[PDB]
Amino acid sequence: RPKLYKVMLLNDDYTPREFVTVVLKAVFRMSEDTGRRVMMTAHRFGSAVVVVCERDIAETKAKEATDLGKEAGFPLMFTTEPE
Ligand SMILES: NC(=O)[C@@H](N)Cc1ccc(O)cc1
């Protein structure tokens, strides 16, 4: 029985709010609306659960989404943690 992993969106003071949104759309197939809501959830409370899936997939999507911010000169960070 594989363990499932939460992909966590973390907060920072630098990454633009709308950039986080379009990342969430592109990588996690969220709409504009859901993207804003999740993005703001991290914005206020420090973090937010984006998705929960198999480990290897969680790691892949966390890396992709983080690399988008990274190569843009942003500290945007997606992590995985187990449940
Ligand atoms: N520009 C800002 O004010 C950031 N707090 C926006 C942001 C929200 C959520 C995040 O996971 C990351 C960044």
# chains A, B, ... in the order shown; residues from 1 in each chain; ligands from 1
>>> residues_around(residues="segment 41-51 of chain A", least_positions_apart="3", cutoff="6 Å", atoms="only C-alpha atoms", output="VMD selection string")
chain A and resid 6 to 11 38
>>> write_last_selection(atoms="C-alpha atoms", output="compact mmCIF listing (two decimals), in the first residue's frame")
# COMPACT_ATOMS: atom_id res chain seq x y z
CA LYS A 6 0.91 16.21 0.35
CA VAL A 7 2.32 18.81 -2.03
CA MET A 8 2.64 21.99 0.04
CA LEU A 9 2.71 25.53 -1.32
CA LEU A 10 4.76 27.68 1.07
CA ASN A 11 4.69 31.45 1.51
CA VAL A 38 -5.06 28.30 -2.74
>>> residues_around(residues="residue 31 of chain A", least_positions_apart="6", cutoff="10 Å", atoms="only C-alpha atoms", output="PyMOL selection string")
chain A and resi 21-22+24-25+37
>>> closest_residue(among="A:76, A:52, A:68, A:58", to="residue 39 of chain A", atoms="only C-alpha atoms")
A:76
>>> select_by_dssp(residues="chain A", states="strand (DSSP E or B)", output="list in words")
residues 4, 5, 6, 7, 8, 9, 10, 47, 48, 49, 50, 51, 52, 53, 54, 78, 79, 80, 81 and 82 of chain A
>>> atom_distance(atom1="atom CA of residue 23 of chain A", atom2="atom CA of residue 53 of chain A")
18.1 Å
>>> atom_distance(atom1="atom CA of residue 3 of chain A", atom2="atom CA of residue 59 of chain A")
13.0 Å
>>> atom_distance(atom1="atom CA of residue 17 of chain A", atom2="atom CA of residue 82 of chain A")
26.4 Å
>>> select_by_dssp(residues="chain A", states="alpha helix (DSSP H)", output="ChimeraX atom specification")
/A:17-28,32-45,55-70
>>> closest_residue(among="A:81, A:15, A:20, A:71", to="residue 34 of chain A", atoms="only C-alpha atoms")
A:20
>>> residues_around(residues="residue 54 of chain A", least_positions_apart="3", cutoff="6 Å", atoms="only C-alpha atoms", output="JSON, numbers by chain")
{"A": [4, 5, 57]}
>>> write_last_selection(atoms="N, CA, C and O atoms", output="mmCIF file, in the first residue's frame")
data_model
loop_
_atom_site.group_PDB
_atom_site.id
_atom_site.type_symbol
_atom_site.label_atom_id
_atom_site.label_comp_id
_atom_site.auth_asym_id
_atom_site.auth_seq_id
_atom_site.Cartn_x
_atom_site.Cartn_y
_atom_site.Cartn_z
ATOM 1 N N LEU A 4 0.660 8.151 0.594
ATOM 2 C CA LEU A 4 0.369 9.349 -0.183
ATOM 3 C C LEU A 4 1.096 10.558 0.399
ATOM 4 O O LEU A 4 1.338 10.627 1.604
ATOM 5 N N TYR A 5 1.441 11.504 -0.470
ATOM 6 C CA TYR A 5 2.216 12.674 -0.078
ATOM 7 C C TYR A 5 1.523 13.984 -0.431
ATOM 8 O O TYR A 5 1.083 14.183 -1.562
ATOM 9 N N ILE A 57 5.182 11.234 -7.850
ATOM 10 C CA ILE A 57 4.456 12.259 -8.589
ATOM 11 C C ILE A 57 4.461 13.563 -7.805
ATOM 12 O O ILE A 57 4.607 14.641 -8.379
#
